[PDB]
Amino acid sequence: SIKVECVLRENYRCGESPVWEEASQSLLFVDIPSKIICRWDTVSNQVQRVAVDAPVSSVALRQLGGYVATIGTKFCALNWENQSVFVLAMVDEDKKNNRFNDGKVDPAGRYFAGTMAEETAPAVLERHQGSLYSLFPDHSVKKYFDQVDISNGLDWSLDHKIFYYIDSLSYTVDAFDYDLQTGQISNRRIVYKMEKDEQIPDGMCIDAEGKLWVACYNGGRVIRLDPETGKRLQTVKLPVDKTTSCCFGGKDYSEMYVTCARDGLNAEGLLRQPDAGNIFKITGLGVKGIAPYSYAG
């Protein structure tokens, strides 16, 4: 009953940060090196893009209206109507060549996002240059920890007491104790160790049963994980190797959207993966996800 299909054939270089906007039945996402934030209306099937002036690594809903995004090393606010973009806060000012990577809004409306050194090739970069940050609703920025290689997938337990986090080049999914009222975290530990054939852990989202789904970059799959036991529950393969992230969307969050990349593929790889860069949808997983939180500033 599980069905994997390519639903948007736009050939992004590195599709990332899919977010479901139920108010419009649209998928928001980015194409990082193409410097565009995209909004795909799934019913009219039209895509609108907002071009920005540096690589844009994530996008999130903004409660008061419009969107927020991480552009370069800056948290930014976007008005979709006039396409105006302005800076809310900047991080890593002491770094010569960093950028934000994955980000997501916590259950209290704080925009978490972490950084990385810029790559010369996939996973080829100066080590330990990133940090995890969050933009609070008052536009202040909290720095959580440094020494990150590539800040990636992240989400929160349904009871709002645990934060899950991926630094891609650590090859583990980690968990922290998390305090909803203050946004503080502590007690970092490993909850899943990636197997060799699962390649690089990238984006991540939680489902309604508290299990984690992780996109496996170079692994051509998403895997479902139980963070309580440390065991993989399920693998769903896709016809593209560089699967980057995933989120739930559609009616009652019953469908999974998966982004992927064509950057880093050679000519042979492009031919073997004609849908590299496209958006996929997975139906029939038999579990639902949850709605994204909106930034509260």
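All residue numbers are counted from 1 along the displayed sequence.
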- Task: Return whichever of 38 to 46 and 257 to 265 has the greater mean Cα B factor according to the PDB record.
- Result: 38 to 46
- Query: Which of the two stretches, 117 to 125 or 100 to 108, shows the higher mean Cα temperature factor in the record?
  - Reply: 117 to 125
- Sorting the chain's modelled residues by C-alpha B-factor and splitting them into thirds places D252 in the highest
- Note on the structure: Of the three thirds of Cα B-factor ranks in this chain, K242 occupies the lowest
- Place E10 in the lowest, middle or highest third of its chain's C-alpha B-factors, as listed in the PDB entry. middle
- Message: What third of the chain does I71 rank in for C-alpha temperature factor, lowest, middle or highest?
- Response: lowest
- Item | Where the record places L233 (Cα B-factor, split into thirds across the chain) | highest
